[PDB]
Amino acid sequence: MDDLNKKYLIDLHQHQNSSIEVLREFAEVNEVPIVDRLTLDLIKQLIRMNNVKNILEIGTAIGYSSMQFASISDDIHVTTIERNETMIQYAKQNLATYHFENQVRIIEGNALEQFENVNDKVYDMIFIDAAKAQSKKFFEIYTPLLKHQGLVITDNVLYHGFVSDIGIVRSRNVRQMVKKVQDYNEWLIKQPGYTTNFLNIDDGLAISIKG
Amino acid sequence: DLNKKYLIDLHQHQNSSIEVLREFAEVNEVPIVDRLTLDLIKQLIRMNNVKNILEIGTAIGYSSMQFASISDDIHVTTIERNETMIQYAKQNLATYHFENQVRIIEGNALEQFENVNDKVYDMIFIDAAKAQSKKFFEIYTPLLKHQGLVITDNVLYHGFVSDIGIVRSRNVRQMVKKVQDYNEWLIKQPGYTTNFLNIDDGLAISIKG
């Protein structure tokens with residue numbers, strides 16, 4: 001039912017397909033995780049409503065979300081931090097192929113140590129994955145660069161739907177990730193300088209407004 | 001759906017004084033906006049600094065009071081035809097102290113344009129399955145500001161919209177058809193940018209451009 005509903009809505013979204021949508025095909029075939037379509041289209045709407053200009057993203061598979069955000073307006077800037085050499089190479093080639101190298105900056109390295117390489121701007125939105133590495137630490141490190149009324153968008157707050165699943169008994173790695181994501185969610189709701197809401201769409205999404 | 005219950009549990013920290021009414025709606029089988037959908041709309045109101053809201057369908061006044069609770073300068077105009085719903089909504093506005101912020105317009109929503117056109121609205125809230133949903137969009141959107149939002153709830157008609165073939169009831173079939181037609185028409189409106197979400201009974205967010 002949820003799968004049928006998702007397919008039906010993605011079909012409605014087919015009218016707003018950008019040139020970069022062709023990369024979704026590459027991602028599924030090559031075991032490359034890309035942001036889900038309905039989640040991405042909601043974030044694009046948030047960028048429009050809030051007149052977001054400067055985005056900071058923690059992680060990328062192939063630069064898909066970076067280019068989708070930059071495609072909204074020529075005045076959008078995206079800084080993307082990525083440590084994986086294969087992902088860096090894929091993202092770099094895509095930015096060249098699709099002509100986004102002036103709008104998107106790839107910062108190569110571990111996100112625990114990139115503060116001094118990205119602190120040249122005040123960001124309007126930070127995009128994080130709750131399950132990726134030290135997610136709570138990334139929120140604490142980078143949020144001082146987010147403007148008042150800026151947004152923190154956290155993907156994967158349901159760890160692909162595993163948070164409440166008995167099936168986690170099958171994998172130690174899935175259990176460790178569920179624990180990390182659950183800890184992140186509880187810690188996030190307790191931050192007094194933020195107003196947060198959660199959505200059970202795709203892998204789970206949280207939207208936090210900085211007060 | 002345990003993931004939905006997990007997220008609703010996380011939202012208990014943000015319960016307003018109006019939340020207790022959900023228990024009344026459940027017992028009395030009164031449909032009210034779903035919690036996670038509501039809390040997303042509250043975030044949209046904060047982000048866009050929404051002050052004037054036009055709601056098509058009041059029911060018990062749950063959503064109108066929830067929107068009003070965000071900030072004292074918020075005004076909600078709500079249209080409702082059902083006498084029992086009007087009675088409960090008026091009772092709630094008095095009980096929960098929201099009379100100054102919520103204006104209830106009584107009557108058929110096809111005929112209320114002249115009673116609500118004294119304001120420019122920042123947000124219009126519609127249900128895709130309630131009566132003439134496409135006609136309500138056409139009638140009321142001229143009052144919405146540019147960059148304003150149209151929020152449409154129930155765009156998945158409880159789940160039957162994804163495949164009308166699973167429907168048995170003739171009444172549910174005409175309903176699914178109307179919602180499917182609304183969604184298809186909405187996504188093609190050239191002066192709007194719309195996205196759909198499969199949260200709860202489905203939600204669409206349209207920016208007037």
# chains A, B, ... in the order shown; residues from 1 in each chain; ligands from 1
call {"tool": "closest_atom_pairs", "arguments": {"of": "chain B", "to": "chain A", "cutoff": "9 Å", "atoms": "only C-alpha atoms", "output": "Markdown table"}}
result
| residue | atom | partner | partner_atom | distance |
| --- | --- | --- | --- | --- |
| B:2 | CA | A:164 | CA | 6.1 |
| B:3 | CA | A:164 | CA | 6.1 |
| B:4 | CA | A:200 | CA | 6.4 |
| B:6 | CA | A:164 | CA | 7.6 |
| B:7 | CA | A:198 | CA | 6.3 |
| B:8 | CA | A:198 | CA | 8.4 |
| B:10 | CA | A:189 | CA | 7.4 |
| B:11 | CA | A:197 | CA | 7.2 |
| B:13 | CA | A:189 | CA | 7.8 |
| B:36 | CA | A:199 | CA | 6.5 |
| B:37 | CA | A:199 | CA | 8.1 |
| B:39 | CA | A:197 | CA | 6.3 |
| B:40 | CA | A:197 | CA | 6.3 |
| B:43 | CA | A:197 | CA | 7.3 |
| B:44 | CA | A:46 | CA | 8.7 |
| B:46 | CA | A:209 | CA | 8.6 |
| B:47 | CA | A:50 | CA | 6.7 |
| B:48 | CA | A:49 | CA | 6.7 |
| B:147 | CA | A:49 | CA | 7.5 |
| B:148 | CA | A:49 | CA | 8.8 |
| B:156 | CA | A:5 | CA | 7.2 |
| B:159 | CA | A:5 | CA | 6.9 |
| B:160 | CA | A:5 | CA | 8.7 |
| B:161 | CA | A:5 | CA | 7.6 |
| B:162 | CA | A:5 | CA | 5.1 |
| B:163 | CA | A:4 | CA | 7.7 |
| B:183 | CA | A:12 | CA | 7.9 |
| B:184 | CA | A:12 | CA | 7.0 |
| B:187 | CA | A:12 | CA | 7.0 |
| B:188 | CA | A:15 | CA | 8.2 |
| B:193 | CA | A:45 | CA | 8.1 |
| B:194 | CA | A:45 | CA | 7.9 |
| B:195 | CA | A:41 | CA | 6.3 |
| B:196 | CA | A:9 | CA | 6.3 |
| B:197 | CA | A:38 | CA | 6.4 |
| B:198 | CA | A:201 | CA | 6.2 |
| B:199 | CA | A:201 | CA | 6.0 |
| B:200 | CA | A:200 | CA | 8.3 |
| B:202 | CA | A:5 | CA | 8.7 |
| B:205 | CA | A:45 | CA | 8.2 |
| B:206 | CA | A:45 | CA | 8.7 |
| B:207 | CA | A:49 | CA | 7.8 |
call {"tool": "residues_around", "arguments": {"residues": "segment 20-36 of chain A", "least_positions_apart": "5", "cutoff": "9 Å", "atoms": "only C-alpha atoms", "output": "mmCIF file with N, CA, C and O atoms, in the first residue's frame"}}
result
data_model
loop_
_atom_site.group_PDB
_atom_site.id
_atom_site.type_symbol
_atom_site.label_atom_id
_atom_site.label_comp_id
_atom_site.auth_asym_id
_atom_site.auth_seq_id
_atom_site.Cartn_x
_atom_site.Cartn_y
_atom_site.Cartn_z
ATOM 1 N N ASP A 41 11.838 16.325 -3.346
ATOM 2 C CA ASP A 41 10.901 17.336 -3.821
ATOM 3 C C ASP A 41 10.296 18.208 -2.717
ATOM 4 O O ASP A 41 10.062 19.396 -2.930
ATOM 5 N N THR A 60 27.461 12.901 0.327
ATOM 6 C CA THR A 60 26.867 12.706 -0.977
ATOM 7 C C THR A 60 27.298 11.384 -1.573
ATOM 8 O O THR A 60 28.387 10.878 -1.285
ATOM 9 N N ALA A 61 26.430 10.828 -2.393
ATOM 10 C CA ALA A 61 26.750 9.620 -3.099
ATOM 11 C C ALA A 61 27.304 10.014 -4.479
ATOM 12 O O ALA A 61 28.440 9.659 -4.797
ATOM 13 N N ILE A 62 26.541 10.782 -5.275
ATOM 14 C CA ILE A 62 26.982 11.168 -6.619
ATOM 15 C C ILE A 62 26.769 12.663 -6.955
ATOM 16 O O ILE A 62 26.865 13.025 -8.127
ATOM 17 N N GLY A 63 26.448 13.488 -5.958
ATOM 18 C CA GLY A 63 26.172 14.911 -6.177
ATOM 19 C C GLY A 63 24.747 15.168 -6.639
ATOM 20 O O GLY A 63 24.404 16.280 -7.041
ATOM 21 N N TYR A 64 23.888 14.137 -6.575
ATOM 22 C CA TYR A 64 22.510 14.252 -7.041
ATOM 23 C C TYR A 64 21.722 15.324 -6.281
ATOM 24 O O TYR A 64 21.141 16.216 -6.906
ATOM 25 N N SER A 65 21.724 15.281 -4.935
ATOM 26 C CA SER A 65 20.954 16.299 -4.224
ATOM 27 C C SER A 65 21.523 17.691 -4.421
ATOM 28 O O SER A 65 20.735 18.629 -4.575
ATOM 29 N N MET A 67 23.117 18.988 -7.034
ATOM 30 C CA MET A 67 22.711 19.524 -8.337
ATOM 31 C C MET A 67 21.219 19.810 -8.398
ATOM 32 O O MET A 67 20.821 20.827 -8.949
ATOM 33 N N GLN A 68 20.387 18.961 -7.749
ATOM 34 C CA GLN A 68 18.949 19.209 -7.715
ATOM 35 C C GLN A 68 18.656 20.532 -7.003
ATOM 36 O O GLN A 68 17.856 21.319 -7.485
ATOM 37 N N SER A 71 19.863 23.470 -9.162
ATOM 38 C CA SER A 71 19.014 23.641 -10.346
ATOM 39 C C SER A 71 17.839 24.575 -10.134
ATOM 40 O O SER A 71 17.239 25.042 -11.112
ATOM 41 N N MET A 87 32.865 8.291 -4.162
ATOM 42 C CA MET A 87 31.749 9.255 -4.145
ATOM 43 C C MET A 87 32.238 10.634 -4.609
ATOM 44 O O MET A 87 31.570 11.255 -5.440
ATOM 45 N N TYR A 98 27.165 18.178 -15.976
ATOM 46 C CA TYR A 98 25.940 18.972 -15.897
ATOM 47 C C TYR A 98 26.139 20.469 -15.675
ATOM 48 O O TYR A 98 25.161 21.216 -15.551
ATOM 49 N N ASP A 155 17.765 13.649 7.196
ATOM 50 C CA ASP A 155 17.225 12.483 6.509
ATOM 51 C C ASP A 155 17.484 11.230 7.337
ATOM 52 O O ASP A 155 18.360 11.229 8.206
ATOM 53 N N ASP A 202 9.369 8.067 3.065
ATOM 54 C CA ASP A 202 10.628 7.462 2.621
ATOM 55 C C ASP A 202 11.417 6.886 3.824
ATOM 56 O O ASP A 202 10.867 6.064 4.556
ATOM 57 N N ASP A 203 12.644 7.365 4.075
ATOM 58 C CA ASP A 203 13.481 6.893 5.185
ATOM 59 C C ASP A 203 13.251 7.644 6.486
ATOM 60 O O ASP A 203 13.978 7.406 7.452
#
call {"tool": "atom_distance", "arguments": {"atom1": "atom CA of residue 192 of chain A", "atom2": "atom CA of residue 210 of chain A"}}
result
9.3 Å
call {"tool": "select_by_dssp", "arguments": {"residues": "segment 15-184 of chain A", "states": "alpha helix (DSSP H)", "output": "number ranges by chain"}}
result
A: 23-29, 37-50, 64-70, 85-97, 115-118, 135-142, 172-184
call {"tool": "select_by_dssp", "arguments": {"residues": "segment 72-127 of chain A", "states": "strand (DSSP E or B)", "output": "VMD selection string"}}
result
chain A and resid 77 to 82 104 to 108 123 to 127
call {"tool": "write_last_selection", "arguments": {"atoms": "N, CA and C atoms", "output": "PDB file, in the first residue's frame"}}
result
ATOM      1  N   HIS A  77      23.970  28.345  -3.821  1.00  0.00           N
ATOM      2  CA  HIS A  77      25.292  27.781  -3.597  1.00  0.00           C
ATOM      3  C   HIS A  77      25.135  26.544  -2.735  1.00  0.00           C
ATOM      4  N   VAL A  78      25.860  25.465  -3.056  1.00  0.00           N
ATOM      5  CA  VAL A  78      25.850  24.276  -2.213  1.00  0.00           C
ATOM      6  C   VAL A  78      27.302  23.911  -1.882  1.00  0.00           C
ATOM      7  N   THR A  79      27.597  23.751  -0.589  1.00  0.00           N
ATOM      8  CA  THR A  79      28.864  23.212  -0.120  1.00  0.00           C
ATOM      9  C   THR A  79      28.533  21.782   0.335  1.00  0.00           C
ATOM     10  N   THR A  80      29.251  20.789  -0.231  1.00  0.00           N
ATOM     11  CA  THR A  80      29.044  19.379   0.118  1.00  0.00           C
ATOM     12  C   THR A  80      30.335  18.767   0.643  1.00  0.00           C
ATOM     13  N   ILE A  81      30.282  18.199   1.858  1.00  0.00           N
ATOM     14  CA  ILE A  81      31.443  17.540   2.469  1.00  0.00           C
ATOM     15  C   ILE A  81      31.310  16.055   2.202  1.00  0.00           C
ATOM     16  N   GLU A  82      32.387  15.431   1.711  1.00  0.00           N
ATOM     17  CA  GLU A  82      32.386  14.002   1.463  1.00  0.00           C
ATOM     18  C   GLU A  82      33.781  13.432   1.655  1.00  0.00           C
ATOM     19  N   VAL A 104      28.303  24.480  -7.001  1.00  0.00           N
ATOM     20  CA  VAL A 104      28.554  23.438  -6.003  1.00  0.00           C
ATOM     21  C   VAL A 104      30.043  23.289  -5.707  1.00  0.00           C
ATOM     22  N   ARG A 105      30.386  23.277  -4.418  1.00  0.00           N
ATOM     23  CA  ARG A 105      31.757  23.105  -3.939  1.00  0.00           C
ATOM     24  C   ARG A 105      31.819  21.774  -3.194  1.00  0.00           C
ATOM     25  N   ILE A 106      32.749  20.895  -3.580  1.00  0.00           N
ATOM     26  CA  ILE A 106      32.943  19.618  -2.895  1.00  0.00           C
ATOM     27  C   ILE A 106      34.121  19.801  -1.965  1.00  0.00           C
ATOM     28  N   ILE A 107      33.906  19.548  -0.672  1.00  0.00           N
ATOM     29  CA  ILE A 107      34.957  19.640   0.333  1.00  0.00           C
ATOM     30  C   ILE A 107      35.349  18.183   0.610  1.00  0.00           C
ATOM     31  N   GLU A 108      36.585  17.818   0.308  1.00  0.00           N
ATOM     32  CA  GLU A 108      37.026  16.435   0.469  1.00  0.00           C
ATOM     33  C   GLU A 108      37.623  16.156   1.834  1.00  0.00           C
ATOM     34  N   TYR A 123      25.088  29.861   6.320  1.00  0.00           N
ATOM     35  CA  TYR A 123      24.170  28.971   5.587  1.00  0.00           C
ATOM     36  C   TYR A 123      22.715  29.188   5.975  1.00  0.00           C
ATOM     37  N   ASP A 124      21.817  28.941   5.006  1.00  0.00           N
ATOM     38  CA  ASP A 124      20.369  29.038   5.192  1.00  0.00           C
ATOM     39  C   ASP A 124      19.760  27.672   5.492  1.00  0.00           C
ATOM     40  N   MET A 125      20.486  26.591   5.164  1.00  0.00           N
ATOM     41  CA  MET A 125      20.036  25.201   5.358  1.00  0.00           C
ATOM     42  C   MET A 125      21.264  24.291   5.502  1.00  0.00           C
ATOM     43  N   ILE A 126      21.154  23.321   6.424  1.00  0.00           N
ATOM     44  CA  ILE A 126      22.132  22.264   6.628  1.00  0.00           C
ATOM     45  C   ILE A 126      21.374  20.955   6.356  1.00  0.00           C
ATOM     46  N   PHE A 127      21.972  20.066   5.563  1.00  0.00           N
ATOM     47  CA  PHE A 127      21.349  18.770   5.232  1.00  0.00           C
ATOM     48  C   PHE A 127      22.212  17.635   5.737  1.00  0.00           C
TER      49      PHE A 127
END
call {"tool": "atom_distance", "arguments": {"atom1": "atom CA of residue 57 of chain B", "atom2": "atom CA of residue 80 of chain B"}}
result
4.9 Å
